[PDB]
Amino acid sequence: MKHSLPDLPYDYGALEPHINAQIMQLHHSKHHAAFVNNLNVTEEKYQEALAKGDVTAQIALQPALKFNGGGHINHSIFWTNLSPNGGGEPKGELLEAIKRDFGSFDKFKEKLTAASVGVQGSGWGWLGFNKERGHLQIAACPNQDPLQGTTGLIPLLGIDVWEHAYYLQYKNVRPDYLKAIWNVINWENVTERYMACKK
C-alpha cells in the first residue's frame, strides 16, 4: 500500500573510486528517502482530492506527484543499474541490439553520454526500449520526470545528471562523472530489463 525506500544492494563505498561513498550515502539515504516519504504524502492528498472530486486540488498536486513519484521510480532503477561487478560491455542479445540500433557499443556510449551531458539543469539520460517500434531508443528527461510515465519508453539504463549525483567528487565537470560511471554499469541488470521487454 505504501511505497518504500529500497535498500542499496551494495555498500556505500562499493563503487569507489568511480562514485564515492559520501555521494552514495547522501544520494540514497537523504535524496531518495525524501522522495519516497514525500511521494506517500502526495499520494494520500491525491486520494482525498479524488474521492471528493476536487479537480483543482488534483491538478495542484500534479507537480509534487510527478517530482516525488518520478524521483522514487528513477532512483529505484538507478541503484540496480549500478554494481561493483559492473562495467565493461554487455553480451548476448542486448549487445546485438546496441550494435544494430547505434552502430557499435562505443557509438551508443557516445550517444547516451551526449544526451546526459546535454541536460540543461537537472535531469536524466536514458537508454530505453520502444515497445511499438521494437528497438532501443535514447531520451533525456528533465528534473525527476520518469521515462515510461512521460514517454512510454521502457527504462533500461538511467544516468542521473542532477548535480547531487556528482558534484561532491567531480564538481562542475559533469563529463568526468560520465566517464567514470561507465565503469560501474550493471549490464546484468540492464540485460534483464531488456529481455523482459521482448517476449
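Numbering starts at 1 and runs along the sequence shown.
Stretch comparison (122-130 versus 93-101) by mean CA B-factor in the PDB entry places 93-101 on top. When the C-alpha B-factors of 142-150 and 48-56 are averaged, 48-56 comes out higher. In this PDB entry, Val117 carries a Cα temperature factor that places it within the highest third of its chain's modelled residues. In the deposited entry, the Cα temperature factor of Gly88 places it in the highest third of its chain's modelled residues.
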